[PDB]
Amino acid sequence: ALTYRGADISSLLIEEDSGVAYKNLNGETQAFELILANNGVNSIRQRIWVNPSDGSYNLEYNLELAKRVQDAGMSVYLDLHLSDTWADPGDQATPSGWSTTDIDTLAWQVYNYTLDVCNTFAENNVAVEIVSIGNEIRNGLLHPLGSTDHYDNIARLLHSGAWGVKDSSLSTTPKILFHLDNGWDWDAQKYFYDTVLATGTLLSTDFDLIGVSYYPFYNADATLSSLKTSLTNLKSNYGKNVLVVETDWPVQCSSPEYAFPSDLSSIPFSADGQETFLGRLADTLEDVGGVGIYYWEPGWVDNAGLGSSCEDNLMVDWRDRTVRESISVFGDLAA
Ligand SMILES: *[C@@H]1O[C@H](CO)[C@@H](O)[C@H](O)[C@H]1NC(C)=O
Ligand SMILES: [Zn+2]
Ligand SMILES: [Zn+2]
Ligand SMILES: [Zn+2]
Ligand SMILES: [Zn+2]
Ligand SMILES: [Zn+2]
Ligand SMILES: [Zn+2]
Ligand SMILES: [Zn+2]
Ligand SMILES: [Zn+2]
Ligand SMILES: [Zn+2]
Ligand SMILES: [Zn+2]
Ligand SMILES: [Zn+2]
Ligand SMILES: [Zn+2]
Ligand SMILES: [Zn+2]
Ligand SMILES: [Zn+2]
């Protein structure tokens, strides 16, 4: 069985501030994190941004969301984007005020930052289970200094961020996770890990978990079989537990931009299809000794496509703000 049965619900506070209330499987209005907790979710992933101009996903935002997560009995995974806005393989902008010219200065800013985030959580008695040093960092982070022209710099920054967490006053130190996209692509994963470890600046002991994104709708090569091989290879090569920290499956996808992978093409687009997909993903992870799955943004009703070419990847119907049956998939898999 999976250790982490998770969801990323970072959008929740913004959706609430836009007037969204969610109706549960009992037909009752209920706080979204309590709906999840009562339906088998035991951990919540939260994106953190450094100095966003409108406050979205900033430190205060995340402290309040984490308090609610903890009140609901769930563990907290902080996904540090180390940017003022979305960090992904096509965007890794250095925060306003941080250095774009001096790697020594930037390394100290990253260290100070992750220490300050963690000590803010400690000071407020919020335990955190996992922290990622960056989001989807296969093409580096904190550009231009942390681009793939300078893997030596990337290693320094990861080292610094990780030790900021290790030096924090949290009573139990979080597991430190490194997160790359394209989890199904073993050669890409291997190239990154082998290269940052060879610099001499990142220690093999600096991180505890390897996390990957896994989506079915951006590339037909994303078969479950390739994911299985990649996860197996990651665990055996680097000696770290592995998990899927982002995934989605559509209830509606009328005009996909990319063909779906061959071993997933019989799964329907529906709530039942979401469950079948997740059940197969969970079995796949179990087979290989993987430890978690986090569903990405199940309740983001203003953004049902979640950035993909599909109409709707949510576990909540935007038309009536009511959860779909797939919201209980993790509980269903127990039982
Ligand atoms: C890191 O924080 C310390 C305060 O403990 C401060 O003295 C120092 O200037 C900071 N480093 C950078 C580069 O901002
Ligand atoms: Zn299972
Ligand atoms: Zn608010
Ligand atoms: Zn982007
Ligand atoms: Zn300097
Ligand atoms: Zn760049
Ligand atoms: Zn450069
Ligand atoms: Zn360099
Ligand atoms: Zn060091
Ligand atoms: Zn590749
Ligand atoms: Zn450590
Ligand atoms: Zn992503
Ligand atoms: Zn919204
Ligand atoms: Zn509906
Ligand atoms: Zn079910």
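No value in this document is a laboratory result; all are computed from the given coordinates. Reconstructed Cβ throughout: ideal geometry from the backbone, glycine too, with neighbour counts over all protein chains shown.
Can you tell me how segment 175-242 classifies by the Cα gyration tensor, rounded, prolate or oblate, using a/c under 1.5 as the rounded cut? Because a/c hits 1.5 or more and a/b exceeds b/c, segment 175-242 counts as prolate.
Taking GluC sites (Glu not before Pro) in DSSP loop states with no more than 11 other Cβ atoms inside 10 Å as exposed sites, the chain has its longest site-free stretch at 29-256.
Report the extension gain between residue 102 and residue 302 in nm, rounded to one decimal, defined as 0.36 nm multiplied by the number of residues separating them, less their alpha carbon distance.
Details: separation 200, 0.36 × 200 = 72.00 nm, distance 3.99 nm.
Extra length available between residue 102 and residue 302 comes to 68.0 nm.
The modelled label-to-label distance for the pair residue 262/residue 332, using points 7 Å beyond Cα in the direction of Cβ, is 2.8 nm. For the chain, DSSP calls about 15 percent of its internal beta bridges antiparallel.
Measuring from each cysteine beta-carbon in the chain, the ones with no other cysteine beta-carbon under 4.7 angstrom are 118. Relative to the dominant Cα principal axis of the chain, helix 103-123 is inclined by about 50°. Placing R0 at 35 angstrom, the Cβ-Cβ distance between residue 120 and residue 148 gives a FRET efficiency of 0.65 after rounding to 0.05. Relative to the dominant Cα principal axis of the chain, helix 151-166 is inclined by about 70°.
For residue 76, the residues whose modelled amide H falls within less than 5 Å of its own, excluding neighbours fewer than 5 places apart on the same chain, are 44, 129, 130. Rounded, prolate or oblate: which fits segment 249-335, taking a ≥ b ≥ c as square roots of the Cα gyration tensor eigenvalues, rounded meaning a/c under 1.5, else prolate when a/b beats b/c? Verdict is oblate for segment 249-335. Amide H to amide H distances under 5 Å link residue 322 with 23, 317, where only residues 5 or more positions off or on other chains count and H is placed in the peptide plane.
3J(HN,Hα) along segment 319-334, derived from phi through the Karplus expression 6.51 cos²θ - 1.76 cosθ + 1.60 where θ = phi - 60°, amounts to 5, 9, 6, 10, 5, 8, 4, 5, 4, 9, 3, 5, x, 4, 5, 4 Hz, with x in place of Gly and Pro.
Shown in residue order for segment 236-250 are the 3J(HN,Hα) couplings computed by the Karplus curve 6.51 cos²θ - 1.76 cosθ + 1.60 at θ = phi - 60°: 6, 5, 10, x, 10, 5, 10, 7, 9, 9, 8, 7, 7, 9, x Hz (x for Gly and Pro). Near residue 253: Cβ cut-off under 9 Å, other residues only, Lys/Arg at +1 and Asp/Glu at -1. The net charge is -2.
Let me know the shape class of segment 155-311, please: from the alpha-carbon gyration tensor, a ≥ b ≥ c as square roots of the eigenvalues, rounded when a/c is under 1.5, otherwise prolate if a/b is greater than b/c, or oblate. Can you show the working numbers first?
Values: a/c = 2.13, a/b = 1.73, b/c = 1.23.
Prolate shape, in that a/c is at least 1.5 and a/b is the bigger ratio.
Inter-label distance, residue 221 to residue 187: 0.6 nm, where each label sits 7 Å from its Cα along the C-beta direction. In degrees from 0 to 90, rounded to the nearest 10, what is the angle of the helix 59-71 Cα long axis to the longest principal axis of the chain? Taking Cα atoms only, the helix is inclined about 50 degrees. Backbone amide hydrogens, once placed in the peptide plane, bring residue 295 within less than 5 Å of 6, 7, 8, excluding anything fewer than 5 places away on its chain. Summing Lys, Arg as +1 and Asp, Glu as -1, what charge do residues with Cβ under 13 Å from the Cβ of residue 263 carry, residue 263 excluded? With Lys, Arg at +1 and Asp, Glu at -1, the neighbours total 0.
Counting 0.36 nm for each residue step from residue 51 to residue 30 and taking away their Cα separation leaves a gain of 4.5 nm. In sequence order, segment 193-210 has phi-based couplings of 4, 4, 6, 5, 5, 7, 5, x, 9, 8, 8, 4, 8, 5, 10, 10, 10, 10 Hz under the Karplus curve 6.51 cos²θ - 1.76 cosθ + 1.60, θ = phi - 60°, and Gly or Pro positions carry x. By the helix-only formula, in which each DSSP H run with n ≥ 4 contributes -39500 (n - 2.57) and the sum is divided by residues, the chain has a 222 nm mean residue ellipticity of -10500 deg cm²/dmol. Label-to-label distance for residue 21 and residue 86 is 3.1 nm, based on points extended 7 Å past Cα in the beta-carbon direction.
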